[PDB]
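Examination of the molecular architecture
The lines below spell out each chain.
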Amino acid sequence: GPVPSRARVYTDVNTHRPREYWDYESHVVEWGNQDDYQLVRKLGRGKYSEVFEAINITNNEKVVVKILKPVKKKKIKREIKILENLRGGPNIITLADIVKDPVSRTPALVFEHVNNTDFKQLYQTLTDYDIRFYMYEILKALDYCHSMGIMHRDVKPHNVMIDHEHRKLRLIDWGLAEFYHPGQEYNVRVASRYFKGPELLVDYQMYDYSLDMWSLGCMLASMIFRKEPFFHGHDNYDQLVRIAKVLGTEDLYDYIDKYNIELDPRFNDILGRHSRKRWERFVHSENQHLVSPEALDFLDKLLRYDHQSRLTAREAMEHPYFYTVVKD
Ligand SMILES: COc1cc(/C=C(\C#N)c2[nH]nc(N)c2C#N)ccc1O
């Protein structure tokens, strides 16, 4: 059978918390006044929610209203409990209220509004200094939620809201987030394809916070190399092949051998043999202003097959890549 794995940090945070903290199925939702919020414009629709810009008529302030699609009350209470546990943390989106929508007959989560810069304009215009700054702001949110016993499991550009005018960042959409419990096996059908960690792609279920650090590495690679997404697989199988053409197949075998994992035999015809590449190969005249030795070493230390070998969020904040970022 597979070899078990534990997070190397924050391993026991939920065991020493009171049970109420992580036993989300027992959570009693405190409902606000649904008439306090008037929907203004539809912002988006996802797999699990519709998102609206609204006005809170008790203060005439903008808010975001996320009307959940019908799913299991467990998944709904999970997201609510996580949002309440993390409220006030650095760069965590703030849950302001929870109301019962009378049309959907589901909960509507009400959040602080972030006046977000569209991700196209952001991606094409962020400078080297901007990228280090906002990576550090994401790391603050990830170290916070990890320190609080929670992994996000859906880190990707669309879930990082940036108000570039105020240099304000918020990590959003906690609907896939989970509590980390040592030894627990989790669903591997989390994250968007391009940001799925190797552990998910080889069906290793006993993963942890380090999954978020692979996703963060994928974002960093796309930003400094100006290729979005960086690992651009056609499906979940081709996704692992794309990764192995960069990190090499020998270290992939070392990884699955360490955890006594077996690859899906359908990889036999598609995986091939691939050397590990040096990150400099991805540097060219149109991205070199975004690349430094520090950037490449930091990236190299996030994108490891072995989830146990990646930088933790706190270790990442110690990296020389952030030495030039002004600290407050
Ligand atoms: C999809 O889950 C979430 C989404 C959001 C916010 C947005 C979306 N989608 C959004 N779109 N445009 C904006 N200015 C904002 C904000 N703030 C906040 C919390 C969530 O859990």
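Residues numbered from 1 in each chain as written, not as in the entry; some residues may be left out. Heavy atoms only, no water.

Structure determination for this PDB entry is given in the record as X-ray crystallography, at a resolution of 1.8000 Å.

Identification of the protein as Casein kinase II subunit alpha from Homo sapiens is taken from the PDB entry. As deposited in the PDB, this entry carries the title "Human protein kinase CK2 alpha in complex with CK2-TN01".

Quick look at the site of the ligand
Around the ligand lies a shell of 13 residues, among which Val64, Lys66, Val114, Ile172 and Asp173 are the nearest. Measuring from an oxygen atom of the ligand, one finds a side-chain N or O atom of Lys66 at 2.8 Å. Residue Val114 places a main-chain N or O atom 2.6 Å away from a nitrogen atom belonging to the ligand. In isolation the ligand exposes 470 Å². Once the protein is present, 87% of that is buried. Listing elements by their share of the shell around the ligand, those giving two or more residues are β3 (61-68) and β5 (107-112). In terms of residue class, the shell around the ligand is built from seven nonpolar, two polar and four charged. A domain-level breakdown of the shell around the ligand finds at least three residues from each of domain 1 (5-22 + 114-328) and domain 2 (23-113). (Near = heavy atom within 4 Å. Polar contact = N/O pair within 3.5 Å; in protein donor to acceptor, adjacent residues only side chain to side chain. Areas by Shrake-Rupley, 256 points an atom, 1.4 Å probe, with all protein chains shown as cover. Helix = DSSP H or I, 4+ residues; strand = E, 2+ residues; numbered from the N terminus. Nonpolar A, V, L, I, M, F, W, Y, C, P; charged D, E, K, R; others polar. Domains from an automatic or database assignment.)

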